[PDB]
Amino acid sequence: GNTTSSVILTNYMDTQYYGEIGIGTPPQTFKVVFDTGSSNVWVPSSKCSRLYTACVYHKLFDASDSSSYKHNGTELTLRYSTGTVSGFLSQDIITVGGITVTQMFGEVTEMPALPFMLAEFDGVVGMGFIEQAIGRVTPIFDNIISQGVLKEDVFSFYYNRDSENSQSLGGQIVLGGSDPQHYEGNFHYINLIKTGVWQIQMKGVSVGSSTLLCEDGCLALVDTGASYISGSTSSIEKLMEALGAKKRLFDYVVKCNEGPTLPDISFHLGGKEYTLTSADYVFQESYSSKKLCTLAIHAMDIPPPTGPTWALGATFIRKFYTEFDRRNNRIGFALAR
């Protein structure tokens, strides 16, 4: 094809980057996360019981008001690291930044308050492969590819650092290419181990001088939907000990005064070193000794086949403009701007 389509994203507190999609005729609009760590499209359904408070706060899809709706009704359960959703399959017309696709998506009827009440987004757009799609439903990007409209069989992610300003731009996804306005230098491509998962080989994690972890290799899933960089509980508990961070219920803290003194964290990928400074991974809300600052790193035990793995989420993507190459089954990284 000849076309490139861009989706503008909203940056919510550096943890959620969401765009807009339209479903049905006339379009019903939803705030969605474009997730490379999953392959299914879902939105909350009007058929969701209002005893799920998450369904009371989010925008619901009503099939009754869509003229393009095609019923299916097959049940589906989508299990994620942070929680689970259930619903049934439905078919309709989806609009993603100028591209219109006939897509099979989940109408969510069971949506727990934890974590979904914390979500600013209503639904999810899975950017993974059909190999990871629950119910073997064709993912949205495969359907866009089938239209033969895109210049390249690629998609890119730009996540902005700045969240507290307007006119700034929260982020951007480019379908069919990369925006050279948002990166500098050249892409360094790392090939995927196998097709089916946006996962690459990682050959070490360095805290300061020493390569404290992942010597003899480990895995790294490049997940656009993950707020933070994650590792296994054992890798994390070890990394956090090295930094001097204190384990809480869910997230790790450090004394705000100690934040800028923290050592650099480096990730060995495709023979290159991808380094994060303490400015990149500490939520530096203050410098007070009497205050605690959160780190944009946490533990996540991802079960097999995918895991155990590290996950390079928004924390990593903010520093490195990421290109997802479906044609050559590789991931490209470049310094973001």
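The first residue of the shown sequence is 1; numbering continues from there. The term rigid core refers to the most C-alpha atoms you can superpose between the two forms while keeping them within 1.5 Å.
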When the rigid core is fixed in 9 other deposited structures of this protein, C-alphas move more for 43 to 51 or 291 to 299; answer is 43 to 51
To spell it out: superpose each other structure in 9 other deposited structures of this protein onto this one by the rigid core, compute Cα RMS over structures and residues for 28 to 36 and for 60 to 68. Which is larger? 60 to 68
Unmodelled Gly1 in at least one third of other entries with both flanks present: yes
Counting the other entries of this protein, is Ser235 left out in at least a third of them? no
Highest mean C-alpha temperature factor of the two stretches 54 to 62 and 304 to 312, which is it? 304 to 312
Between 292 to 300 and 32 to 40, which has the larger average Cα B-factor in the PDB entry? 292 to 300
By the entry's C-alpha temperature factors, tell me which of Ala245, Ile140, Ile173, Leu118 sits highest. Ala245
In terms of CA temperature factor as recorded, identify the highest of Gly83, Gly208, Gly123, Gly128. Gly208
Looking at the temperature factor on the CA atom of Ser286, which third of the chain's modelled residues does it land in? highest
Could you tell me which third, lowest, middle or highest, the C-alpha B-factor of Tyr189 occupies within its chain? highest
Taking only the Cα B-factors deposited for this chain, tell me whether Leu89 sits in the lowest, middle or highest third. lowest
Tertile call for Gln16 (CA temperature factor, within chain, third-based) is the lowest
Ranked by Cα temperature factor within the chain, is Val254 in the lowest third, the middle third or the highest third? highest
